Amino acid sequence: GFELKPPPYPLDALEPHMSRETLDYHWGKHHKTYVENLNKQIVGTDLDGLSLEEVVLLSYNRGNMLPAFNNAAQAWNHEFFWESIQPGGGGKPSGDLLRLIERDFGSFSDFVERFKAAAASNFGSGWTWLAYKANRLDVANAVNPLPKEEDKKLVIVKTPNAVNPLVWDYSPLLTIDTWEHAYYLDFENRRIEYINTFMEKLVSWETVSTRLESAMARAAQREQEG
Amino acid sequence: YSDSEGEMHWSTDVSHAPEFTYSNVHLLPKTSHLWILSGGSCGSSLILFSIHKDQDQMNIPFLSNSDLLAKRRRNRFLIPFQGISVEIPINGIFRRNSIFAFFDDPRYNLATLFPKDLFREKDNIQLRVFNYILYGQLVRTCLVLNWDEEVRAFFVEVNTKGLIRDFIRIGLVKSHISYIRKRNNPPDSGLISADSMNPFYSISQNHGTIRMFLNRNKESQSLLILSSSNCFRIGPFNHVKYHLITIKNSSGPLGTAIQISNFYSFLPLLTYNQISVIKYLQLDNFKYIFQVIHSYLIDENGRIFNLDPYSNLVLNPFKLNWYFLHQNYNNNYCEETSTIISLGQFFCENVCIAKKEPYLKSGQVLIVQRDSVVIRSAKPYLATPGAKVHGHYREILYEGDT
Amino acid sequence: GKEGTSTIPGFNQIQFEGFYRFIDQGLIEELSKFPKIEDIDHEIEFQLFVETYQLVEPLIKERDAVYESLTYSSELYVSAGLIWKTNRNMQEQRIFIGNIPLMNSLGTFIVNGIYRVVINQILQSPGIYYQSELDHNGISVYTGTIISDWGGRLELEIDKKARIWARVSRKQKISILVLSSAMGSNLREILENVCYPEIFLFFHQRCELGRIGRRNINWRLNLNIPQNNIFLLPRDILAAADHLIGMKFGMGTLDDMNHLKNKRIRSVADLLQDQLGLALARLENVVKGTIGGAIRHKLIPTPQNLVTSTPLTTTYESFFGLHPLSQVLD
Amino acid sequence: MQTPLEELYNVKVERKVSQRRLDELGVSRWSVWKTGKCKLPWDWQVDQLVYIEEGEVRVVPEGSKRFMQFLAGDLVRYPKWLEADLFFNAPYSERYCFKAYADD
Amino acid sequence: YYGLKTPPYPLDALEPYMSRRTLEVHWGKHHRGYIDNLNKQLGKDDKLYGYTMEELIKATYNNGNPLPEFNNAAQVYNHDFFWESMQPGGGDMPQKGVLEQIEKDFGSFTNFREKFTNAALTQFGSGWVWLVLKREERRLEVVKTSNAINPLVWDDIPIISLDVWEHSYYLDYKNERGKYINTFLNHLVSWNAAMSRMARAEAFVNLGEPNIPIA
Amino acid sequence: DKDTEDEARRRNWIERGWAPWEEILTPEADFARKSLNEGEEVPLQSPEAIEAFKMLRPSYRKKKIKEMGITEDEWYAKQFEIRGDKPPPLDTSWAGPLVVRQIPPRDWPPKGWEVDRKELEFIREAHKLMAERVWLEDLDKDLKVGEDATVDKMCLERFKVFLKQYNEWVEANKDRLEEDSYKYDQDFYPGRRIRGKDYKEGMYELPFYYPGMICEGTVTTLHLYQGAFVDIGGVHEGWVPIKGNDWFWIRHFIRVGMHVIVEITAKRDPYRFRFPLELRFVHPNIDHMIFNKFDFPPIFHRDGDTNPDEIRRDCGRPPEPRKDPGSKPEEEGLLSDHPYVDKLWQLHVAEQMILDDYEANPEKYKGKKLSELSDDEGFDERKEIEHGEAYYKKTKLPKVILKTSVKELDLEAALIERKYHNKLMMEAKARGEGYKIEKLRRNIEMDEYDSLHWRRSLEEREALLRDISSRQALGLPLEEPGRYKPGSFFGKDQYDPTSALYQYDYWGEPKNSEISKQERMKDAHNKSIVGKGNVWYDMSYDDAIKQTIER
Ligand SMILES: [Fe+3]
Ligand SMILES: [Fe+3]
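Protein chains in written order, with the deposited numbering: chain N, 47 to 272; chain E, 443 to 506, 565 to 582, 598 to 623, 792 to 819, 833 to 844, 853 to 908, 920 to 958, 970 to 1128; chain C, 5 to 205, 251 to 379; chain T, 37 to 140; chain I, 50 to 264; chain H, 64 to 614.
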């Protein structure tokens, strides 16, 4: 039921990089099918378009994998993926992330090499995520009697097919579409170039920071609400 | 009645269809013999079907401010021993809602009974502190333990340099059927109970093959044991009657057969049968279907070598030279040997192979070799027409069974 | 333990072994069956502490007992509990229930100065028995019968594909098509899990099989119910028709009621235990009668005052004097 | 001869692993689990990569009477669905990181 | 230590239903990359080395917990099985035993094609489409397996394999997987290949019926 | 329904493994079957019965044998001839010529037995040659026949190097392997190592063989329940898995003594698997007459096979199934019960036990420092978890005694804490108050040990969740396959007291119920303390500490 949000940048913004005709099918074909299938599957269900993010969580059904889940996750994944890239790209994180990756992944140089290796090692079609970890299990003894600041850290999670860290109660910050359709059309099968160009020419740290300044706001209330 | 454990068998003259279509009873239109193939029945011991399968050799037999001293653990707890007096049954079992401590309060709120551990695991035991009235001291409280399997109480002692302290624990020893997912093993405290597990830090015949088959009328495979008490060897006799830069022919490997791209199979077929040709042949390999074996050997350099392409010639890998095959392996089957005794056939007690050879004991031919034959003991029972055979084919009968 | 393995066993061992079993095991078993005493709820509660039972050697010797025409017997003492909840105070006393007759090593009792022996009785064992039956015209109807420790006669006969009669008595001719739920069981949830169900398309008198019956009902019907359970189960009734149908097709054989495996021998141990149970059954009525009189007069009686030696002594004297099995020693 | 329990239960063992491996694995960032002489029955519902710093741990698979001796400085990867116990006789601490499917 | 086995046809022989350029990367890069990675892993371990292809996949599968070498080991077999499953001038319609078995198990080929296409379409993400023979059930089956999973892990014998990995069709059919699936079954699938795979499978399943004596 | 005498017979062959095997009857037994058909006591009219009657005299047997021209031993051999219709003759047609490459076995070298790695890598290069594409069309091209086709024209160097290594290994292990055969295999059987005088030099060991190679051999023994065994010139005979009534037709073709061309299907460990060389006939082709298949190859059960899981793990057999608990592992509560805390609790008690005694009376303790204190005598013979039996005034209860050596105690840290906590109560006594201490230094170190164990259960659980979806999205099993089979698999009779089938609650619980009898006592026992009291209020124990602290 949800409308397909166009990417917040012109379709011809990264021609010296991944071309528009690739995007004409990655967004105009792949993403259109994902959203329209949801419109054909959420016609009269119990949800009928409550909120897109919780639909993936609701359709997750704790691993039961309802049929609408795959299109729902892909719709959010690609939509989240479009925001992750701006025409400028590259650069380095600005302050807010720097206090984290340095204390979690040693250094930015260590992190980027680790991030590229994780995405490259991702076998088959899937997604690689850099997600803030603010997990809260709905089970006995889940709450830590002595919470610590370093307990909620940044983790690099590689997920197959269509599954996002939202099902782990994590808050994704950035992701790379390691599905072959995202990168196979232009530079053949060189996923390494796809990962390199994504990190050095396409990452939007400011967008990640905006999606990170929200991360420790959903996290900023859990410890004080109780 | 059967005089030995074994499996039912009849060659013929017994109605395959039962008398009624719910019973293991068969009628004989003609008189015939019912054979009981002797076999050890190990039905008195547990059989693990994941490890015990057909034709397995069995070299081994089958099986068969004192508060801070307490502790709240998983479905158990310890308490100091002598105002929290302890009440216990004669043998000691707290079924449900039973009290184990009252703590009579003279003032008529509760004093802590545990060191308030920082992690509250989801235990089945529930502790409740019911306050009674006794009139209608009067508000003497009580300690009630409840679960949702039986608790057991037995005091443990901490010996150290002579001095002694008593400690009563109350476990939740269950039926052991719920002890899945070994994490959930109160046996983590079971060793301090009546257990004798070695810490591997200070601890420092029967034969027979498995004759197991699935009788679908039982939905459970039945087991027989074939050993030296059932199968015996008949004495040796002559029953098999047989009908160039090269070395003598010797039985051995020819080398790995590479796959043929014309047949696009990773492991080459190398052979069709009568059914296969009229079922699997792509109307293009007919030119290659030969009735005679043609052997080709290639080297690491890709060169194709055959020697004479008219006779069965192969290379011996161990001695690295060519030699002839035995009989050219013609497509049409021809009799090479002819054994007097065929495999799987039965005979009675006094059948004679020849004049010199002694008589053959009753049984079924189980193993056929070049000279000797191994027989599985069988006991034929003569049955007249109109008799009723109890049991389906290959059904296990024990001693005394009708 | 290896008594008769090598030598000829003592001729009185059966009498000897039975009595020791009765003293060792047949006393607490019946005493444990003695219930609590209370009317509804008042300043009264009476009970017996079974674990504290004691037996005292008789004062009189065997020669004195026969010469005086007395009964050579031991005295049974059990601690009893009484509380008056209006006072809410516990009164405890070691009461004297009565006298338990003692036999000598030769296997003979003396009651009122006469040597009496308790001969052995042979009865049909509790369990399922499949036996054919013929009628005025001849039906050859296979019949399954269930016997309990009370001599139950729950017959279950098959009239081919028609109903399965379950007459408890001769006038109780009743089917089981609608008795699927019956006592507390259910509808066709497990009835169709064995063979075919197309055929379908009291509290304590004879309802428990006992220790012996559970073994036999499992022995024939091949049931996984543990021997610890005593009460009959609808699974057992369900399995009764299961093997009953097989007899129609020729599988299995009819039980021979004259076979000793179908018989049970009850010795002096069994009979003395039964009379003890009757005595306690008469004893609980005495205390119930006593508390009614005590309440009606409003006096504070000791636990001894609530009991008398009559229920225990009289029943044994009646047993030895009237029961056909208790014969005068020849 | 019977096969050793190591490859029988496909438990990866990397004895006296060189310092190069410990870097890219982030062993310095693995959680610490320290214990003394005790017995820890357990069943691995997920793959676990355990590095041992001191002491030694003897693990017996459930139903077995043979133990697997792991010394200090080794790397042990307990696979999924493994039912066993963790015995100890000396103060023992480990750095571990449970790994999901294709995690790393 | 397995060489990169070339397809039984030149890379340009699949035109126009398959561009040779996509073959140059699907077989020249993806398959060869799988070949090189597997060979490096086999050099480390002498236990995995020495396993046959069918045994190596099943052993590395580890009963549902694949070893790190499984992905490379499974893929090299799948890609090798994929090239032989296709041939120039392929497609058409199977005959003889393969046709009889498909009719016997799936009712009709058109029923099988619908079952085959639906399994291929519903396969989400990277995976393979397998026409396999069940050892215990003694019948043909269509199974969808994601990523490198192949029915050898369940002892099933593959007969026809279809690669629905996005690298196999994107350069020619992009998002039109259905058309790519259809042209595979119409002009690419080698039904002659299935018969030979059936012949080897027949050596282990015996799809025939016995000849019970009258006596 | 029913079953005619054509499908029940078919069902018997397929499911019951029926086969009309020949019965070689004696003249007395043959006469019984031919004469009881006619009745009980009647003149025999059937010529078969009449002839069977005359054969009861072996003298009459001689006349018939003499008349038909038989040496009286062919007749004894004729009676064993297979009766019934013969199967159609086999016509094994080769699928083109067989092309053979002398490829060294992949599994070489054997377990252990380090060899020249440089030579080994040279050998292993031949394995990559398997991928070479070979067509029957380009086969006669550059074909060599005769002198040019001799061995001296062949490279075979990678195979030759393997032979050099193989021969060296054979010499160093010929005696070692033979002794193991005697040590483990009591009796020689087809498929076991040929030992004793029957062993001949030159027999190929198992590492010489590898699946996929073609061998020429002769069948030496036929086993009805196992199959035919082929001698392929090795120490262990090859095995072809032919089982059951399939032999009824195969026995006409596969007969002992014939020469066959066979293909090695699998090679296994001879110690575990009893038939280490699993074979497959390629001439004659029997694949169209083999309907009974071994799901798993038969294995031994050696002396040390105590753990069933080890046995099935050594081979490829599935694990032992168990009843599924029905509870999702991920939704189960986390565990914080660190096992060492229970042991650590014993040490904590001992620290307070010595200190309390030391503080109580200034005994001989002053002679030796607490840290300097040594253990007593006889601590070795204390079994340290030794059981026992005790009995109180009213109750008889089991007792367990736990010794604790003074070596594993931090007395100096404890006594300082003991004194420090002792120097913290007189202030309360200075104000007339209690001094219930929150926790002791031993207690807090239990908290971190539980915290460490809880942390292990935590990060595992979240990693478990991530593992669930990856397997769920990929079809991989969440739990171990084979293990945790569905319900009703374990037989048909399961005692379920919850189910009304096994329920005995017809009209209330009978007074003779052991549960009810063992319920009224708890009714008596719990009311032996309170009597006819009434419960004012009731709540769980966790809440019973909160309001007292809040006071
Ligand atoms: Fe994508
Ligand atoms: Fe592919």
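Every residue gets a Cβ at the ideal spot worked out from N, C-alpha and C, and that includes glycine.
Test: residue i CB closer than 7 angstroms to a CB of chain H
i	result
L488(E)	no
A252(I)	yes
Burial state of residue i, where buried means 16 or more other Cβ atoms lie within 10 Å
i	result
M135(I)	buried
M416(H)	buried
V323(H)	buried
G441(H)	exposed
Residue i - DSSP class collapsed to helix/strand/coil
i	result
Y57(C)	coil
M247(I)	helix
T795(E)	coil
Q228(H)	helix
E271(N)	helix
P53(N)	coil
residue 40(N)	Given a span of 47 to 272 for chain N in the structure shown, any question on residue 40(N) remains unanswerable.
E252(N)	helix
Residue i at chain E interface by Cβ criterion, 7 angstroms
i	result
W78(T)	yes
Nearest residue (CA-CA) to residue i, options the options
i	options	result
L970(E)	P384(H), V208(H), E475(H), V325(H)	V208(H)
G978(E)	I295(H), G275(H), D420(H)	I295(H)
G370(C)	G155(C), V182(C), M306(C), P105(C)	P105(C)
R314(H)	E144(H), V325(H), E394(H), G132(H)	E144(H)
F553(H)	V467(E), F491(E), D455(E)	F491(E)
Interface residues of chain I facing residue i [CB-CB closer than 7 angstroms]
i	result
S480(E)	The premise fails here: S480(E) is roughly 25 angstroms from chain I at the closest Cβ pair, so nothing lies under 7 angstroms.
Amino acids of chain H, ordered along the chain, whose beta-carbon sits closer than 7 angstroms to that of residue i
i	result
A186(N)	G396, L397
Test: residue i CB closer than 7 angstroms to a CB of chain N
i	result
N224(I)	yes
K805(E)	yes
Closer than 6 angstroms: residue i CB and nearest ligand 4 heavy atom
i	result
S217(I)	For the structure depicted, ligand 4 is absent and the ligand set comprises only ligand 1 and ligand 2.
Any C-beta of chain I under 7 angstroms from that of residue i
i	result
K191(H)	yes
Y1006(E)	yes
Residue i: contacting residues in chain E (beta-carbon distance under 8 angstroms)
i	result
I277(H)	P979, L980, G981, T982, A983, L996
Residue i: contacting residues in chain E (beta-carbon distance under 7 angstroms)
i	result
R249(I)	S991, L993, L995
CB contact below 7 angstroms: residue i versus chain T
i	result
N889(E)	yes
7 angstroms Cβ cut-off: residues of chain C touching residue i
i	result
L1123(E)	Chain C residues near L1123(E): none, gap ~13 angstroms exceeds 7 angstroms.
Per-residue contacts from residue i into chain H (C-beta, under 8 angstroms)
i	result
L84(N)	Correct list: empty, because the minimum Cβ distance to chain H is about 18 angstroms.
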